[PDB]
>>> print(open('run_3.cif').read())   # mmCIF, C-alpha atoms and all ligand atoms
data_structure
loop_
_atom_site.group_PDB
_atom_site.id
_atom_site.type_symbol
_atom_site.label_atom_id
_atom_site.label_comp_id
_atom_site.auth_asym_id
_atom_site.auth_seq_id
_atom_site.Cartn_x
_atom_site.Cartn_y
_atom_site.Cartn_z
ATOM 1 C CA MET A 1 158.277 -88.928 198.943
ATOM 2 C CA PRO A 2 157.822 -85.173 199.771
ATOM 3 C CA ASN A 3 160.043 -84.056 196.784
ATOM 4 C CA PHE A 4 158.020 -86.520 194.564
ATOM 5 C CA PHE A 5 154.651 -84.726 195.245
ATOM 6 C CA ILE A 6 156.146 -81.137 195.135
ATOM 7 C CA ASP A 7 156.745 -81.739 191.349
ATOM 8 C CA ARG A 8 153.389 -83.680 191.133
ATOM 9 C CA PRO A 9 150.734 -81.446 192.819
ATOM 10 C CA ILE A 10 147.808 -83.079 190.840
ATOM 11 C CA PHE A 11 148.786 -86.637 192.048
ATOM 12 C CA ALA A 12 148.827 -85.181 195.636
ATOM 13 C CA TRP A 13 145.316 -83.600 195.129
ATOM 14 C CA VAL A 14 144.048 -86.909 193.527
ATOM 15 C CA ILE A 15 144.958 -89.012 196.667
ATOM 16 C CA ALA A 16 143.231 -86.334 198.876
ATOM 17 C CA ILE A 17 139.941 -86.309 196.801
ATOM 18 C CA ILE A 18 139.724 -90.190 196.665
ATOM 19 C CA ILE A 19 140.209 -90.304 200.521
ATOM 20 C CA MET A 20 137.439 -87.610 200.893
ATOM 21 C CA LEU A 21 135.063 -89.380 198.379
ATOM 22 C CA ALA A 22 135.466 -92.734 200.276
ATOM 23 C CA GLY A 23 134.787 -90.832 203.568
ATOM 24 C CA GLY A 24 131.707 -88.970 202.202
ATOM 25 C CA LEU A 25 130.145 -92.293 200.995
ATOM 26 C CA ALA A 26 130.981 -93.996 204.378
ATOM 27 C CA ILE A 27 129.058 -91.217 206.312
ATOM 28 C CA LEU A 28 125.808 -92.269 204.469
ATOM 29 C CA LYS A 29 126.141 -96.059 205.243
ATOM 30 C CA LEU A 30 127.471 -95.608 208.869
ATOM 31 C CA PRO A 31 125.213 -96.527 211.855
ATOM 32 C CA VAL A 32 124.419 -93.838 214.539
ATOM 33 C CA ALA A 33 124.137 -94.385 218.366
ATOM 34 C CA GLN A 34 125.001 -92.761 221.773
ATOM 35 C CA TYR A 35 127.502 -95.574 222.682
ATOM 36 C CA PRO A 36 128.765 -98.809 221.065
ATOM 37 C CA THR A 37 127.820 -102.289 222.462
ATOM 38 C CA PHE A 38 130.158 -102.061 225.543
ATOM 39 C CA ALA A 39 127.739 -103.329 228.300
ATOM 40 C CA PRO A 40 128.179 -107.044 229.207
ATOM 41 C CA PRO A 41 125.627 -109.431 227.583
ATOM 42 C CA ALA A 42 123.194 -111.285 229.954
ATOM 43 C CA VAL A 43 121.031 -114.486 229.599
ATOM 44 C CA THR A 44 117.891 -114.939 231.833
ATOM 45 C CA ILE A 45 116.282 -118.353 232.724
ATOM 46 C CA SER A 46 112.510 -117.780 233.435
ATOM 47 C CA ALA A 47 110.529 -120.595 235.215
ATOM 48 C CA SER A 48 107.065 -120.762 236.947
ATOM 49 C CA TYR A 49 105.746 -123.064 239.772
ATOM 50 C CA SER B 530 144.981 -92.549 157.017
ATOM 51 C CA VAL B 531 145.276 -91.088 160.608
ATOM 52 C CA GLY B 532 147.691 -88.428 159.169
ATOM 53 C CA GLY B 533 144.761 -87.054 157.073
ATOM 54 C CA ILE B 534 142.171 -87.660 159.895
ATOM 55 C CA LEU B 535 144.219 -85.245 162.144
ATOM 56 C CA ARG B 536 143.969 -82.589 159.314
ATOM 57 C CA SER B 537 140.094 -82.747 159.090
ATOM 58 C CA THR B 538 139.518 -83.067 162.923
ATOM 59 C CA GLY B 539 136.054 -81.355 163.138
ATOM 60 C CA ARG B 540 134.441 -83.999 160.813
ATOM 61 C CA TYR B 541 134.961 -86.927 163.295
ATOM 62 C CA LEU B 542 133.689 -84.958 166.389
ATOM 63 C CA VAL B 543 130.329 -84.687 164.468
ATOM 64 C CA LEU B 544 130.725 -88.463 163.663
ATOM 65 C CA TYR B 545 131.507 -89.093 167.413
ATOM 66 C CA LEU B 546 128.337 -87.299 168.741
ATOM 67 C CA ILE B 547 126.280 -89.423 166.214
ATOM 68 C CA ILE B 548 127.823 -92.617 167.810
ATOM 69 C CA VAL B 549 126.923 -91.324 171.368
ATOM 70 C CA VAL B 550 123.312 -90.491 170.193
ATOM 71 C CA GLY B 551 123.242 -93.926 168.422
ATOM 72 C CA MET B 552 124.544 -95.595 171.653
ATOM 73 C CA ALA B 553 122.045 -93.482 173.726
ATOM 74 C CA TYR B 554 119.148 -94.681 171.440
ATOM 75 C CA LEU B 555 120.065 -98.443 171.607
ATOM 76 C CA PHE B 556 120.588 -98.316 175.454
ATOM 77 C CA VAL B 557 116.998 -96.947 176.026
ATOM 78 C CA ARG B 558 115.324 -99.349 173.468
ATOM 79 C CA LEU B 559 117.130 -102.564 174.694
ATOM 80 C CA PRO B 560 115.028 -104.163 177.515
ATOM 81 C CA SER B 561 116.764 -104.885 180.908
ATOM 82 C CA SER B 562 116.705 -108.193 182.927
ATOM 83 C CA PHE B 563 118.845 -109.745 185.775
ATOM 84 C CA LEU B 564 119.697 -113.458 185.029
ATOM 85 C CA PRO B 565 118.193 -115.507 182.131
ATOM 86 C CA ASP B 566 116.050 -118.665 182.782
ATOM 87 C CA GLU B 567 118.428 -121.631 182.074
ATOM 88 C CA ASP B 568 117.261 -125.040 180.723
ATOM 89 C CA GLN B 569 118.460 -127.420 183.543
ATOM 90 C CA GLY B 570 117.034 -130.651 181.959
ATOM 91 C CA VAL B 571 114.338 -130.698 184.742
ATOM 92 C CA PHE B 572 110.990 -128.912 185.480
ATOM 93 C CA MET B 573 107.741 -129.510 187.491
ATOM 94 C CA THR B 574 103.930 -129.554 186.839
ATOM 95 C CA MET B 575 101.413 -128.460 189.570
ATOM 96 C CA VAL B 576 97.930 -130.161 189.718
ATOM 97 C CA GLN B 577 95.327 -128.264 191.879
ATOM 98 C CA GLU C 866 111.637 -104.694 195.752
ATOM 99 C CA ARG C 867 110.604 -102.090 198.436
ATOM 100 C CA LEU C 868 114.145 -102.624 199.921
ATOM 101 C CA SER C 869 116.568 -100.328 197.944
ATOM 102 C CA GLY C 870 116.720 -100.680 194.087
ATOM 103 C CA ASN C 871 118.260 -98.399 191.372
ATOM 104 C CA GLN C 872 121.716 -98.000 193.086
ATOM 105 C CA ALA C 873 123.610 -98.380 189.720
ATOM 106 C CA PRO C 874 123.721 -94.686 188.575
ATOM 107 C CA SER C 875 125.149 -93.588 192.012
ATOM 108 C CA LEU C 876 128.053 -96.158 191.873
ATOM 109 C CA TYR C 877 128.874 -95.657 188.109
ATOM 110 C CA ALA C 878 129.010 -91.864 188.895
ATOM 111 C CA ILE C 879 131.904 -92.347 191.441
ATOM 112 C CA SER C 880 133.349 -95.086 189.098
ATOM 113 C CA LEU C 881 133.644 -92.318 186.400
ATOM 114 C CA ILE C 882 135.035 -89.706 188.910
ATOM 115 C CA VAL C 883 137.652 -92.117 190.473
ATOM 116 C CA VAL C 884 138.793 -93.342 186.959
ATOM 117 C CA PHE C 885 139.276 -89.645 185.868
ATOM 118 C CA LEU C 886 141.225 -88.864 189.122
ATOM 119 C CA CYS C 887 143.518 -91.965 188.674
ATOM 120 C CA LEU C 888 144.208 -90.890 185.010
ATOM 121 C CA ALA C 889 144.981 -87.260 186.129
ATOM 122 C CA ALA C 890 147.650 -88.711 188.538
ATOM 123 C CA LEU C 891 149.120 -90.917 185.703
ATOM 124 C CA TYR C 892 149.509 -87.966 183.215
ATOM 125 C CA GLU C 893 149.860 -85.147 185.861
ATOM 126 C CA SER C 894 147.105 -83.239 183.918
ATOM 127 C CA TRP C 895 143.365 -82.456 184.577
ATOM 128 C CA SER C 896 142.737 -82.323 180.744
ATOM 129 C CA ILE C 897 144.593 -85.364 179.175
ATOM 130 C CA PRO C 898 142.397 -87.985 180.997
ATOM 131 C CA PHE C 899 139.405 -86.894 178.762
ATOM 132 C CA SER C 900 141.296 -88.121 175.601
ATOM 133 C CA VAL C 901 141.273 -91.676 177.176
ATOM 134 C CA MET C 902 137.738 -91.485 178.770
ATOM 135 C CA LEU C 903 136.080 -90.555 175.381
ATOM 136 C CA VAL C 904 136.651 -94.141 173.958
ATOM 137 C CA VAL C 905 134.055 -95.609 176.458
ATOM 138 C CA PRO C 906 131.145 -95.136 173.951
ATOM 139 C CA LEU C 907 133.150 -96.849 171.088
ATOM 140 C CA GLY C 908 132.857 -100.225 172.950
ATOM 141 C CA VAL C 909 129.232 -99.771 174.228
ATOM 142 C CA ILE C 910 127.862 -99.178 170.639
ATOM 143 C CA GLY C 911 129.255 -102.626 169.563
ATOM 144 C CA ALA C 912 127.723 -104.469 172.588
ATOM 145 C CA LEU C 913 124.226 -102.836 172.228
ATOM 146 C CA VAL D 482 151.439 -87.303 208.575
ATOM 147 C CA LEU D 483 150.661 -88.741 205.047
ATOM 148 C CA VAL D 484 148.791 -85.431 204.250
ATOM 149 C CA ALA D 485 151.868 -83.506 205.617
ATOM 150 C CA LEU D 486 154.221 -85.647 203.384
ATOM 151 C CA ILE D 487 151.987 -85.565 200.196
ATOM 152 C CA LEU D 488 149.401 -82.692 199.949
ATOM 153 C CA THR D 489 150.837 -80.001 202.350
ATOM 154 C CA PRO D 490 154.278 -79.823 200.588
ATOM 155 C CA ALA D 491 152.593 -79.757 197.099
ATOM 156 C CA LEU D 492 150.446 -76.730 198.227
ATOM 157 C CA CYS D 493 153.418 -74.922 199.969
ATOM 158 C CA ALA D 494 155.404 -75.162 196.644
ATOM 159 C CA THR D 495 152.422 -73.925 194.474
ATOM 160 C CA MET D 496 149.857 -71.721 196.380
ATOM 161 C CA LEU D 497 152.181 -69.913 198.912
ATOM 162 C CA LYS D 498 153.182 -66.212 198.399
ATOM 163 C CA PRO D 499 156.943 -65.383 198.143
ATOM 164 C CA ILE D 500 158.288 -63.720 201.387
ATOM 165 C CA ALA D 501 161.288 -61.284 201.113
ATOM 166 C CA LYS D 502 164.402 -62.065 203.292
ATOM 167 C CA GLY D 503 164.017 -60.371 206.745
ATOM 168 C CA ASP D 504 160.186 -59.868 206.495
ATOM 169 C CA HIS D 505 158.630 -61.366 209.720
ATOM 170 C CA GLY D 506 155.229 -59.579 209.266
ATOM 171 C CA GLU D 507 156.380 -56.775 211.672
ATOM 172 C CA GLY D 508 155.419 -54.219 208.932
ATOM 173 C CA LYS D 509 151.854 -55.675 208.496
ATOM 174 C CA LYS D 510 149.158 -52.931 208.910
ATOM 175 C CA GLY D 511 146.710 -53.132 211.889
ATOM 176 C CA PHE D 512 146.371 -55.911 214.552
ATOM 177 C CA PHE D 513 148.505 -58.643 212.803
ATOM 178 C CA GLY D 514 151.471 -56.170 212.892
ATOM 179 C CA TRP D 515 151.056 -55.666 216.701
ATOM 180 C CA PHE D 516 150.718 -59.488 217.272
ATOM 181 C CA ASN D 517 153.751 -60.225 214.972
ATOM 182 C CA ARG D 518 155.801 -57.622 216.999
ATOM 183 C CA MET D 519 154.482 -58.981 220.387
ATOM 184 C CA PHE D 520 155.540 -62.568 219.363
ATOM 185 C CA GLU D 521 158.976 -61.521 217.900
ATOM 186 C CA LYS D 522 159.587 -59.535 221.173
ATOM 187 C CA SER D 523 158.250 -62.472 223.336
ATOM 188 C CA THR D 524 160.401 -65.031 221.358
ATOM 189 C CA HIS D 525 163.506 -62.884 222.268
ATOM 190 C CA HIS D 526 162.410 -62.851 225.994
ATOM 191 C CA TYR D 527 161.810 -66.671 225.894
ATOM 192 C CA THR D 528 165.215 -67.569 224.263
ATOM 193 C CA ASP D 529 167.072 -65.228 226.738
HETATM 194 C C1 LIG E 1001 132.420 -97.033 159.521
HETATM 195 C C2 LIG E 1001 131.439 -96.298 160.410
HETATM 196 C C3 LIG E 1001 131.845 -94.838 160.601
HETATM 197 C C4 LIG E 1001 133.096 -94.703 161.467
HETATM 198 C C5 LIG E 1001 134.305 -94.256 160.651
HETATM 199 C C6 LIG E 1001 135.495 -93.933 161.552
HETATM 200 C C7 LIG E 1001 136.752 -94.688 161.126
HETATM 201 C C8 LIG E 1001 137.399 -94.060 159.892
HETATM 202 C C9 LIG E 1001 137.766 -95.102 158.836
HETATM 203 C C10 LIG E 1001 139.009 -94.706 158.045
HETATM 204 C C11 LIG E 1001 138.728 -93.592 157.041
HETATM 205 C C12 LIG E 1001 140.035 -92.951 156.590
HETATM 206 O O1 LIG E 1001 139.786 -91.937 155.616
HETATM 207 C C13 LIG E 1001 140.780 -90.910 155.565
HETATM 208 O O2 LIG E 1001 140.127 -89.654 155.777
HETATM 209 C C14 LIG E 1001 141.004 -88.531 155.688
HETATM 210 C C15 LIG E 1001 140.257 -87.275 156.126
HETATM 211 O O3 LIG E 1001 139.108 -87.066 155.296
HETATM 212 C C16 LIG E 1001 141.520 -88.445 154.256
HETATM 213 O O4 LIG E 1001 142.332 -87.281 154.064
HETATM 214 C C17 LIG E 1001 142.038 -86.542 152.870
HETATM 215 O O5 LIG E 1001 141.282 -85.365 153.189
HETATM 216 C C18 LIG E 1001 141.978 -84.386 153.970
HETATM 217 C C19 LIG E 1001 141.065 -83.200 154.282
HETATM 218 O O6 LIG E 1001 139.699 -83.621 154.385
HETATM 219 C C20 LIG E 1001 143.223 -83.925 153.219
HETATM 220 O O7 LIG E 1001 143.935 -82.956 153.996
HETATM 221 C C21 LIG E 1001 144.122 -85.115 152.913
HETATM 222 O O8 LIG E 1001 145.245 -84.691 152.134
HETATM 223 C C22 LIG E 1001 143.339 -86.178 152.152
HETATM 224 O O9 LIG E 1001 144.153 -87.347 151.997
HETATM 225 C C23 LIG E 1001 142.323 -89.704 153.950
HETATM 226 O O10 LIG E 1001 142.759 -89.687 152.586
HETATM 227 C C24 LIG E 1001 141.485 -90.954 154.207
HETATM 228 O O11 LIG E 1001 142.334 -92.106 154.154
HETATM 229 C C1 LIG E 1002 146.925 -77.503 189.285
HETATM 230 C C2 LIG E 1002 146.302 -77.598 190.659
HETATM 231 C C3 LIG E 1002 144.886 -77.081 190.739
HETATM 232 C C4 LIG E 1002 144.425 -76.742 192.137
HETATM 233 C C5 LIG E 1002 142.927 -76.818 192.337
HETATM 234 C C6 LIG E 1002 142.422 -78.153 192.841
HETATM 235 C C7 LIG E 1002 141.156 -78.066 193.659
HETATM 236 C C8 LIG E 1002 140.451 -79.386 193.864
HETATM 237 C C9 LIG E 1002 139.416 -79.369 194.964
HETATM 238 C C10 LIG E 1002 138.499 -80.569 194.977
HETATM 239 C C11 LIG E 1002 137.728 -80.745 196.262
HETATM 240 C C12 LIG E 1002 136.672 -81.822 196.197
HETATM 241 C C1 LIG E 1003 135.397 -84.732 192.061
HETATM 242 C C2 LIG E 1003 135.842 -83.338 192.443
HETATM 243 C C3 LIG E 1003 137.195 -82.949 191.898
HETATM 244 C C4 LIG E 1003 137.206 -82.615 190.426
HETATM 245 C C5 LIG E 1003 138.559 -82.209 189.889
HETATM 246 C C6 LIG E 1003 138.768 -80.717 189.779
HETATM 247 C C7 LIG E 1003 140.052 -80.326 189.087
HETATM 248 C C8 LIG E 1003 140.202 -78.847 188.830
HETATM 249 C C9 LIG E 1003 141.409 -78.489 187.999
HETATM 250 C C10 LIG E 1003 141.510 -77.019 187.667
HETATM 251 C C1 LIG E 1004 156.232 -66.850 225.908
HETATM 252 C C2 LIG E 1004 157.228 -65.833 226.419
HETATM 253 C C3 LIG E 1004 157.743 -66.115 227.808
HETATM 254 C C4 LIG E 1004 158.948 -65.295 228.199
HETATM 255 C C5 LIG E 1004 159.218 -65.248 229.684
HETATM 256 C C6 LIG E 1004 160.384 -64.371 230.072
HETATM 257 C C7 LIG E 1004 160.540 -64.162 231.560
HETATM 258 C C8 LIG E 1004 161.388 -62.968 231.933
HETATM 259 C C9 LIG E 1004 162.005 -63.041 233.307
HETATM 260 C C10 LIG E 1004 161.001 -62.965 234.433
#
>>> encode(input="run_3.cif", output="structure tokens")
Amino acid sequence: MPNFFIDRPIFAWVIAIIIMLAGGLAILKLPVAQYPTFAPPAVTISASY
Amino acid sequence: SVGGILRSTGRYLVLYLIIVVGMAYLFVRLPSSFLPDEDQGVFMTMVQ
Amino acid sequence: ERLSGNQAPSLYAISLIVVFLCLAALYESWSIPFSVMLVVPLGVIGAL
Amino acid sequence: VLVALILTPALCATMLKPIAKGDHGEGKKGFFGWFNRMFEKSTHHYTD
């Protein structure tokens, strides 16, 4: 594979640009937070007498 | 035919830009929609 | 309607770029891909 | 690793400057020369 892309430098650059393009687009559609949802979920039963 | 087309060359690049301008014209003029209203052999009438 | 709208130009821009890049890899040339990409208008003129 | 098997080799075989046999940057003018000498001297210490 290395010898393949030494003769084909444009092919090598093409794979790199497509990976970067996909990444650049992903940055725009990606959510932003401090943490993920890692805390355990809880369910409360509220009643009144 | 192509043999002689490859001799002229510059004539068809002027012909090409006319096709792009012609395409560009038609694209703008042609109205845009999403999905056409299909006849489904049924419809309704409101009475208010 | 207030939610998004007109996201076609943005996606057909990268569609063009990615098609050019894939062609450049096929021919191992930054220039030859253009000779293939310039037939796009020939099919659009017929449709319009 | 994929970058180091695809892109990195392609760049090393295109956009790298030819180095003459024996040249270890010990003749480089200024700070880089001192650092190159310090490392070459320190590599000898380390191996010993
Ligand atoms: C129809 C809408 C418009 C789109 C047209 C695009 C498709 C072209 C259709 C085929 C036309 C082929 O027409 C072809 O033209 C070339 C170039 O002028 C001619 O070539 C002629 O002129 C050239 C120079 O101008 C001479 O060097 C050559 O010896 C002579 O034969 C061919 O004799 C002819 O067969
Ligand atoms: C023949 C190889 C040409 C080298 C130049 C390629 C540079 C591409 C950079 C693109 C970054 C988005
Ligand atoms: C989309 C950004 C990359 C465009 C290709 C540039 C190629 C330069 C060849 C000299
Ligand atoms: C990174 C260079 C380290 C070389 C150490 C040599 C030790 C010498 C004997 C005390």
>>> resolve_selection(input="run_3.cif", expression="the PyMOL selection byres ((chain C) within 7 of (chain B))", output="ChimeraX atom specification")
/C:906,909-910,913
>>> residues_near_ligand(input="run_3.cif", ligand="ligand LIG 1004 (chain E)", cutoff="9 Å", atoms="only C-alpha atoms and all ligand atoms", output="PyMOL selection string")
chain D and resi 520+522-529
>>> residues_near_ligand(input="run_3.cif", ligand="ligand LIG 1003 (chain E)", cutoff="8 Å", atoms="only C-alpha atoms and all ligand atoms", output="compact mmCIF listing (two decimals) with C-alpha atoms, keeping the file's coordinate frame")
# COMPACT_ATOMS: atom_id res chain seq x y z
CA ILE A 17 139.94 -86.31 196.80
CA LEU A 21 135.06 -89.38 198.38
CA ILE C 882 135.04 -89.71 188.91
CA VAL C 883 137.65 -92.12 190.47
CA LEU C 886 141.22 -88.86 189.12
CA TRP C 895 143.36 -82.46 184.58
>>> residues_near_ligand(input="run_3.cif", ligand="ligand LIG 1002 (chain E)", cutoff="8 Å", atoms="all atoms listed in the file", output="ChimeraX atom specification")
/A:9-10,13,17,20 /C:894-895
>>> closest_residue(input="run_3.cif", among="B:557, B:571, B:535, B:576", to="ligand LIG 1001 (chain E)", atoms="only C-alpha atoms and all ligand atoms")
B:535
>>> resolve_selection(input="run_3.cif", expression="the PyMOL selection byres (((not hetatm)) within 7 of (chain E and resi 1001))", output="ChimeraX atom specification")
/B:530-531,533-534,536-537
>>> residues_around(input="run_3.cif", residues="residue 491 of chain D", least_positions_apart="3", cutoff="6 Å", atoms="only C-alpha atoms", output="list in words")
residues 5, 6 and 9 of chain A; 488 and 494 of chain D
>>> atom_distance(input="run_3.cif", atom1="atom CA of residue 37 of chain A", atom2="atom CA of residue 24 of chain A")
24.6 Å
>>> atom_distance(input="run_3.cif", atom1="atom CA of residue 498 of chain D", atom2="atom CA of residue 484 of chain D")
20.6 Å
>>> resolve_selection(input="run_3.cif", expression="the PyMOL selection byres ((chain D) within 12 of (chain A))", output="ChimeraX atom specification")
/D:482-496
>>> residues_around(input="run_3.cif", residues="residue 900 of chain C", least_positions_apart="5", cutoff="12 Å", atoms="only C-alpha atoms", output="list in words")
residues 885, 888, 889, 892, 894, 895 and 905 of chain C
>>> write_last_selection(input="run_3.cif", atoms="C-alpha atoms", output="PDB file, keeping the file's coordinate frame")
ATOM      1  CA  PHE C 885     139.276 -89.645 185.868  1.00  0.00           C
ATOM      2  CA  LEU C 888     144.208 -90.890 185.010  1.00  0.00           C
ATOM      3  CA  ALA C 889     144.981 -87.260 186.129  1.00  0.00           C
ATOM      4  CA  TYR C 892     149.509 -87.966 183.215  1.00  0.00           C
ATOM      5  CA  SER C 894     147.105 -83.239 183.918  1.00  0.00           C
ATOM      6  CA  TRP C 895     143.365 -82.456 184.577  1.00  0.00           C
ATOM      7  CA  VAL C 905     134.055 -95.609 176.458  1.00  0.00           C
TER       8      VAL C 905
END
>>> atom_distance(input="run_3.cif", atom1="atom CA of residue 30 of chain A", atom2="atom CA of residue 875 of chain C")
17.1 Å
>>> residues_around(input="run_3.cif", residues="segment 500-510 of chain D", least_positions_apart="3", cutoff="12 Å", atoms="all atoms listed in the file", output="list in words")
residues 497, 513, 514, 515, 516, 517, 518, 519, 520, 521 and 522 of chain D
>>> decode(input="run_3.cif", residues="chain C", atoms="C-alpha atoms", output="short mmCIF file (atom, residue, chain, number, x, y, z; two decimals), in the first residue's frame")
data_model
loop_
_atom_site.label_atom_id
_atom_site.label_comp_id
_atom_site.auth_asym_id
_atom_site.auth_seq_id
_atom_site.Cartn_x
_atom_site.Cartn_y
_atom_site.Cartn_z
CA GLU C 866 -40.89 26.79 6.67
CA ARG C 867 -39.08 28.80 9.45
CA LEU C 868 -37.16 25.52 10.20
CA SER C 869 -34.18 25.35 7.73
CA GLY C 870 -34.91 25.59 3.93
CA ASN C 871 -32.57 26.20 0.91
CA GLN C 872 -29.94 23.52 1.88
CA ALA C 873 -29.58 22.32 -1.80
CA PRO C 874 -26.77 24.68 -3.02
CA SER C 875 -24.56 23.75 0.03
CA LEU C 876 -24.85 19.94 -0.64
CA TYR C 877 -24.50 20.17 -4.50
CA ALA C 878 -21.32 22.29 -3.84
CA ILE C 879 -19.60 19.38 -1.92
CA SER C 880 -21.22 16.91 -4.45
CA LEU C 881 -19.25 18.79 -7.21
CA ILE C 882 -16.00 18.96 -5.09
CA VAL C 883 -16.10 15.22 -4.04
CA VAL C 884 -16.88 14.10 -7.69
CA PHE C 885 -13.84 16.17 -8.93
CA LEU C 886 -11.59 14.66 -6.16
CA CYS C 887 -12.71 11.04 -6.99
CA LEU C 888 -11.97 11.71 -10.74
CA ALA C 889 -8.49 13.19 -9.88
CA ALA C 890 -7.69 9.88 -8.03
CA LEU C 891 -8.94 7.79 -11.06
CA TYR C 892 -6.74 9.68 -13.64
CA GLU C 893 -3.94 10.76 -11.18
CA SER C 894 -4.37 14.35 -12.56
CA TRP C 895 -5.91 17.63 -11.18
CA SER C 896 -6.72 18.76 -14.80
CA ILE C 897 -8.22 15.68 -16.65
CA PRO C 898 -11.34 15.49 -14.37
CA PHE C 899 -12.60 18.81 -15.97
CA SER C 900 -12.88 17.05 -19.42
CA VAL C 901 -15.46 14.64 -17.80
CA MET C 902 -17.21 17.26 -15.53
CA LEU C 903 -17.96 19.61 -18.53
CA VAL C 904 -20.64 17.17 -19.96
CA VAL C 905 -23.00 17.90 -16.96
CA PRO C 906 -24.73 20.81 -18.83
CA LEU C 907 -25.28 18.63 -22.00
CA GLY C 908 -27.85 16.49 -20.05
CA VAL C 909 -29.49 19.39 -18.07
CA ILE C 910 -30.35 21.34 -21.32
CA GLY C 911 -32.38 18.29 -22.58
CA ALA C 912 -34.32 17.90 -19.27
CA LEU C 913 -35.19 21.66 -18.95
#
